[PDB]
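Every chain is numbered from 1, with letters handed out A, B, ... down the list of sequences.
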Protein chains: 2
Amino acid sequence: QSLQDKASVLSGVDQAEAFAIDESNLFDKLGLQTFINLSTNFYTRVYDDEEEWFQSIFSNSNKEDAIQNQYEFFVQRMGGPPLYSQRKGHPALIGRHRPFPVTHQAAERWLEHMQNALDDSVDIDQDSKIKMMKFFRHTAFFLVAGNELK
Amino acid sequence: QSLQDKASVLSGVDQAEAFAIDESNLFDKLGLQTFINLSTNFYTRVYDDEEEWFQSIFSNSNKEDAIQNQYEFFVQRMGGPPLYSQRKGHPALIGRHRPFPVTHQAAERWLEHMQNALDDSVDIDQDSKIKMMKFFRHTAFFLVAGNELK
Ligand code: HEM
Ligand code: HEM
Ligand SMILES: [Cl-]
Ligand SMILES: [O-]
Ligand SMILES: [O-]
């Protein structure tokens, strides 16, 4: 059974829905600043999280560096310039999450913070929010599936 | 030490040179058919390889499916439509190579076949060949670095 199928079964979202982001250019629609704002909001919530089991996953990471890694990845993957690879090479999401305990429960907590970040946004329309959360949700469970094999 | 830095040290190519592919659109320059031809040539060489230690790495894989996975990934990453993700989701190269013994020596053998495939091409110019092999070489050693941690 493939990683992507495991993600689809766990998450309620398959790759086809998760990658509906690719049907139009979201970077062109939303703009770079919108991504920076989303990631900054998300990571503010992460680093303020009172649940130590989740907070402490990010303890070896600087918040500002994490914000940059995230929005540069989102920008690159959602139709914008490839800033992430210029700096860091392949996204390699399963490989890069290897050090962290990416459990089913951690996925839901990540996605809670991100939903709250999307709810706080001004410059993201409803169609875009739906497509982005399908992408995020499928991806989070893809990482869960990758975590299970390491 | 990061995966990308380990790749750079091993390979003689850093991420900056490896991702010079992103400076212009190679898909626009070369066209889809050129990619299909390259991957078909490459994989013909792989599956005809008399060295069992290398050949047998690909024994659980169908040749035609492998050709499709490769060129769809190259097309997606080198400026073309995102065919790979439509079908399979994230490239996740480290995760997807987890089942295979991706050693330093296997990297060099892979890159031997690919060089021979590039040498056989008609529709790839010298500037493009240089950029593609920098990308491939850095990537192969990135996978070596990922292999070392699994
Ligand atoms: C499933 C629960 C998740 C957990 C617990 C988690 C945890 C982490 C942690 C601790 C980092 C290191 C922070 C940094 O230094 O940048 C990280 C990095 C990253 N995460 Fe996640 N993550 C999760 C899901 C996701 C999802 C759903 C995506 C994309 C949609 C994603 C994309 C990334 C990216 C692009 C990086 C930067 C990698 C790097 O450059 O080092 N993660 N994650
Ligand atoms: C380092 C030595 C390498 C070895 C021994 C190796 C081996 C393999 C094998 C056995 C597969 C499965 C064939 C399939 O079912 O598609 C595979 C898949 C793949 N490889 Fe490699 N590989 C290497 C390097 C690379 C490099 C340098 C790249 C990209 C530049 C790459 C990209 C891929 C892609 C995109 C797939 C398809 C993954 C999938 O969809 O399952 N590989 N590789
Ligand atoms: Cl990966
Ligand atoms: O993350
Ligand atoms: O490969």
Side-chain angles (χ1 to χ4, degrees), chain A residues 15 17-47 58 61-97 110-111 113-140 142-143, chain B residues 2-4 15-16 18-28 73-86 89-93 135 139 142:
Chain A
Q15 57 269 22
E17 273 189 281
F19 288 84
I21 52 155
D22 287 330
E23 282 175 3
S24 74
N25 193 306
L26 288 175
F27 178 79
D28 286 348
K29 185 170 190 184
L30 302 176
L32 176 55
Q33 292 294 316
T34 294
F35 290 94
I36 298 175
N37 289 338
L38 177 69
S39 295
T40 303
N41 183 321
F42 170 80
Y43 268 114
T44 297
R45 297 168 173 280
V46 170
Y47 277 87
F58 295 86
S61 328
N62 169 274
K63 177 177 159 187
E64 283 71 38
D65 293 342
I67 291 166
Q68 193 180 348
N69 295 332
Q70 184 184 93
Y71 73 71
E72 285 189 358
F73 172 66
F74 295 170
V75 161
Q76 172 167 314
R77 188 56 189 77
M78 294 185 200
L83 298 182
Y84 182 94
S85 286
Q86 176 172 62
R87 200 165 53 87
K88 303 200 78 169
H90 292 288
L93 300 175
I94 290 177
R96 300 193 186 270
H97 283 85
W110 193 112
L111 294 158
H113 290 311
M114 190 55 80
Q115 183 66 69
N116 293 337
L118 286 167
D119 290 349
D120 284 352
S121 55
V122 180
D123 281 340
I124 309 166
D125 58 288
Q126 179 69 4
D127 177 75
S128 295
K129 288 177 194 203
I130 290 160
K131 278 167 177 180
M132 299 169 71
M133 180 55 84
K134 285 168 181 193
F135 170 78
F136 296 146
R137 185 170 182 82
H138 183 269
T139 305
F142 180 84
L143 298 177
Chain B
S2 64
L3 290 163
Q4 58 278 18
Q15 57 269 22
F19 288 84
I21 52 155
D22 287 330
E23 282 175 3
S24 74
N25 193 306
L26 288 175
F27 178 79
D28 286 348
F73 172 66
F74 295 170
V75 161
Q76 172 167 314
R77 188 56 189 77
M78 294 185 200
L83 298 182
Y84 182 94
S85 286
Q86 176 172 62
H90 292 288
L93 300 175
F135 170 78
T139 305
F142 180 84

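- The two residues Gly79(B) and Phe27(B) come nearest to each other via the heavy atoms C-CB, 3.5 Å.
- Using the six-membered ring where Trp is involved, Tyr47(A) and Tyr43(A) have ring planes that are tilted, between 30° and 60° apart.
- In this pair, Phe42(A) and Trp110(A) present their aromatic rings tilted. The plane angle is within the 30 to 60° band.
- Taking the six-membered ring for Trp and thresholds of 30 and 60 degrees, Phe142(A) and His90(B) have ring planes inclined between 30 and 60 degrees apart.
- Note that CD1 of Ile36(A) is 9.0 Å distant from CD of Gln68(A), once rounded to the nearest 0.5 Å.
- For the atom pair CE (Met133(A)) and CD (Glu17(A)), the distance works out to 13.5 Å, reported to the nearest 0.5 Å.
- Here OG of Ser24(B) is found 4.5 Å from CG of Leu26(B). Values are rounded to the nearest 0.5 Å.
- The two residues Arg87(A) and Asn69(A) come nearest to each other via the heavy atoms NH2-OD1, 2.7 Å.
- Considering only heavy atoms from C-beta on, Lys29(A) comes within 4.5 Å of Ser128(A) through its side chain.
- The shortest side-chain heavy-atom distance between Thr34(A) and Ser121(A) does not fall under the 4.5 Å cut-off.
- In this structure, CZ on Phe135(B) lies 6.0 Å from CZ on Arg77(B), to the nearest 0.5 angstrom.
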Please lay out, stage by stage, how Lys63(A) and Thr44(A) fare under the test side chain to side chain contact (heavy atoms under 4.5 Å, CB included). CA-CA 8 Å; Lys63(A) 177 177 159 187; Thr44(A) 297; 3.2 Å; yes
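- Using a distance-only test at 3.5 Å, with no hydrogens or angles considered, a donor-acceptor pair links the side chain of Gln76(B) to the main chain of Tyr84(B).
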What do the steps show when you test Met114(A) against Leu38(A) for side chain to side chain contact (heavy atoms under 4.5 Å, CB included), and what is the final call? CA-CA 8 Å; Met114(A) 190 55 80; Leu38(A) 177 69; 3.9 Å; yes
Should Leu30(A) and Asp125(A) be marked as a side chain to side chain contact (heavy atoms under 4.5 Å, CB included) after you check the CA-CA gap, both sets of side-chain angles, and the distance that decides it? CA-CA 9 Å; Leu30(A) 302 176; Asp125(A) 58 288; 3.8 Å; yes
Apply side chain to side chain contact (heavy atoms under 4.5 Å, CB included) to residues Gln4(B) and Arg96(A) and explain how you reach the verdict. CA-CA 11 Å; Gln4(B) 58 278 18; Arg96(A) 300 193 186 270; 2.8 Å; yes
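- In this structure, the separation between CG on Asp120(A) and CD on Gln115(A) is 10.5 Å, given to the nearest 0.5 Å.
- One distance of note links CE of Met132(A) with CZ of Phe74(A); it measures 7.0 Å at 0.5 Å rounding.
- For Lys129(A) (side chain) and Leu118(A) (main-chain N/O), a donor-acceptor pair under 3.5 Å exists by modelled atom type.
- In plain terms, the two heavy atoms of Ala92(B) and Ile94(A) that are nearest each other are CB-CD1, 4.1 Å.
- We find that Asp22(A) and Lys131(A) are not joined by a salt bridge, their nearest charged nitrogen and carboxylate oxygen being 4.0 Å or further apart.
- Counting all heavy atoms, side chain and backbone alike, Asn62(A) lies closest to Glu64(A) at OD1-N, 2.9 Å.
- The shortest non-hydrogen separation linking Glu72(A) to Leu83(A) is OE1-O, 3.5 Å.
- By the 4.5 Å heavy-atom criterion applied to side chains, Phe19(B) and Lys88(A) are not counted as neighbours.
- Of all non-hydrogen atoms in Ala18(A) and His138(A), the two that sit nearest each other are CB-CB, 3.3 Å.
- Under the 3.5 Å distance criterion, with hydrogens and angles disregarded, no donor-acceptor pair is assigned to the side chains of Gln33(A) and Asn37(A).
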